[PDB]
Amino acid sequence: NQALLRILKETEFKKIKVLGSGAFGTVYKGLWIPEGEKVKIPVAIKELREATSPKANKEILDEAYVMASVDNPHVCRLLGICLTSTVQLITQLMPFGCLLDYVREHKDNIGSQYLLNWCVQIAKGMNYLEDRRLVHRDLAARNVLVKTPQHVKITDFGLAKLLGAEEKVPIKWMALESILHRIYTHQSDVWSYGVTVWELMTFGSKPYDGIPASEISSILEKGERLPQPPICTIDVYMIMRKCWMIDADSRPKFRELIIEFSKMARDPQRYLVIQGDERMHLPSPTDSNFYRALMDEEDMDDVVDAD
Ligand SMILES: *CCC(=O)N1CC(n2cc(-c3ccncc3)c(-c3cccc(NC(=O)c4cn(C5CC5)cn4)c3)n2)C1
């Protein structure tokens, strides 16, 4: 559906500040000025790294129209595109930033209810991508954005597919088959999900810290995996370990991860042990209503509360 992707002209928007970057390009906070209006509307803009040609631009545009249909409350939707000598992708601006920076800044202030609800939401967004037959290829805590502390969304999915580069590097998030054979499936996205859950449970620790990328395949072949985070109980750790099994079909499915983490979120102190957890509950209905009115009016399934 062509109505889901807006083609933007360089004159109606401006990049104003750098927000960060990745393997695909630099991210900016921008301002959109609708034609004839005096308002400046904040947007997020990703400017892709490699310069592009008119032939490549037509193929990218065709793929972008399909990519703009990827609609779920836990996945950031591509809203607009500007195709000139560079490819610029426009999306809604998330003022809280990525979940990786969030868990680091609010470490020893985040409770089990939040940690477990973020795992559920990420699995929901990943299950929706699997329902759309779209392999993410770059799932990590840096690619989970915070709309509000209660609502996270996945970004940067299928960027190789958008560019027509699926058959052409975040080694520490990759399944062993992706490292060895560049094979990417919904099951290698499950391995990346286990690493992302590990990043959240360690409040943003670096996976395999100190170990060079070239040594990772050999470490995985010897059966070594990321260590049990100090807050995880054995049941949570066993789910992460199942995500990192050599046999891809032995890993859990995203629909099963939604069910297990939803069950755990219903008795959160039994699955995660955090000091001072009794005073780090989910917001009351009053606070939740206020956050939504000011920055999150979109439709979304209820957050899992404790029994
Ligand atoms: C904290 C980690 C970090 O620094 N990162 C940079 C990367 N990131 C953040 C954003 C962002 C910030 C704030 N508000 C919103 C987003 C982005 C980002 C910006 C614009 C566009 C995108 N992605 C896409 O447009 C896009 C399109 N697809 C489909 C066509 C394939 C997938 N992603 C991301 N990036 C995290």
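Along the sequence shown, residues carry numbers from 1. Just so you know, ligand 1 is whichever comes first in the structure, and atom 1 is the first atom listed for that ligand.
The closest protein non-hydrogen atom to atom 4 (O) of ligand 1 is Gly20 CA, 4.3 Å. In terms of protein heavy-atom proximity, atom 20 (C) of ligand 1 is closest to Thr91 CG2, 3.4 Å. Scanning the protein heavy atoms around atom 32 (C) of ligand 1, the nearest turns out to be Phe157 O, 3.1 Å. When hydrogens are left out, the protein atom nearest atom 24 (C) of ligand 1 is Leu89 CD1, 4.0 Å; that is the closest non-hydrogen contact. Looking from atom 1 (C) of ligand 1 to the surrounding protein, the closest heavy atom is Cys98 SG, 1.7 Å. In terms of protein heavy-atom proximity, atom 14 (N) of ligand 1 is closest to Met94 N, 2.8 Å.
Contact annotation: for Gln92 versus ligand 1, heavy atoms closer than 4.0 Å belong to the backbone alone. Contacts between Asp156 and ligand 1 below 4.0 angstrom, taking non-hydrogen atoms only, involve backbone and side chain alike. The proximity of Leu145 to ligand 1, defined as any non-hydrogen pair under 4.0 Å, is limited to the side chain. Heavy atoms of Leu93 found under 4.0 angstrom from ligand 1 belong to the backbone as well as the side chain.
Relative to atom 30 (C) of ligand 1, the option among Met67, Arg142, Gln88 with the closest non-hydrogen atom is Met67. Ranked by closest heavy atom to atom 18 (C) of ligand 1, the top entry among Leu162, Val27, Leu19 is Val27.
Interface atoms of ligand 1 facing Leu78, defined by a heavy-atom separation under 4.0 Å, are 25 (O). Annotation for ligand 1: atoms under 4.0 Å from non-hydrogen atoms of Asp101 are 1 (C).
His136 and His186 have their aromatic ring centers separated by at least 6.0 angstrom.
A cation-pi arrangement is absent between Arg225 and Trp198 under the rule of less than 6.0 angstrom and at most 45 degrees off the ring axis.
The shell of residues lying under 4.0 angstrom from ligand 1, judged by heavy atoms, excludes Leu100.
Classified by interplanar angle (parallel below 30°, tilted 30° to 60°, perpendicular above 60°), the ring pair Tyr102/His106 is parallel. The aromatic rings of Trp191 and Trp244 sit tilted, their planes meeting at an angle between 30° and 60°.
Within the 3.5 Å criterion, the main-chain N or O of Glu298 finds a donor-acceptor partner in the side chain of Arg292.
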Enumerate donor-acceptor pairs with a distance under 3.5 Å from any side-chain N or O in residues 262-273 to protein atoms, sequence neighbours excluded.
residue : atom : partner : partner atom : Å
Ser262  : OG   : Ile258  : O            : 2.7
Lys263  : NZ   : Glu260  : OE1          : 2.7
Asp267  : OD2  : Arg270  : NE           : 2.9

Quick one: do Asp189 and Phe254 satisfy side-chain contact (heavy atoms from CB on, under 4.5 Å)? Show the steps, please. CA-CA 9 Å; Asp189 274 352; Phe254 286 121; 4.0 Å; yes
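Taken together through direct or relayed side-chain contacts under 4.5 Å among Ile, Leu, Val, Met, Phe, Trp and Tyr, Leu89 and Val18 form parts of separate hydrophobic clusters.
Considering both main-chain and side-chain atoms, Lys46 comes within under 3.5 Å of ligand 1 through a nitrogen or oxygen pair. Close N/O approach between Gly158 and ligand 1 is not found [any backbone or side-chain N/O within under 3.5 Å].
Heavy atoms of other residues, nucleotides or ligands lying less than 6.0 angstrom from CD of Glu59 number 12 at most.
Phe261 pairs by the ring pair (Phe, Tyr, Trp, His ring centres under 6.0 Å) definition with nothing, not counting sequence neighbours.
Side-chain contact check for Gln150 and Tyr114: at least one donor-acceptor pair (N or O, by modelled atom type) lies under 3.5 Å.
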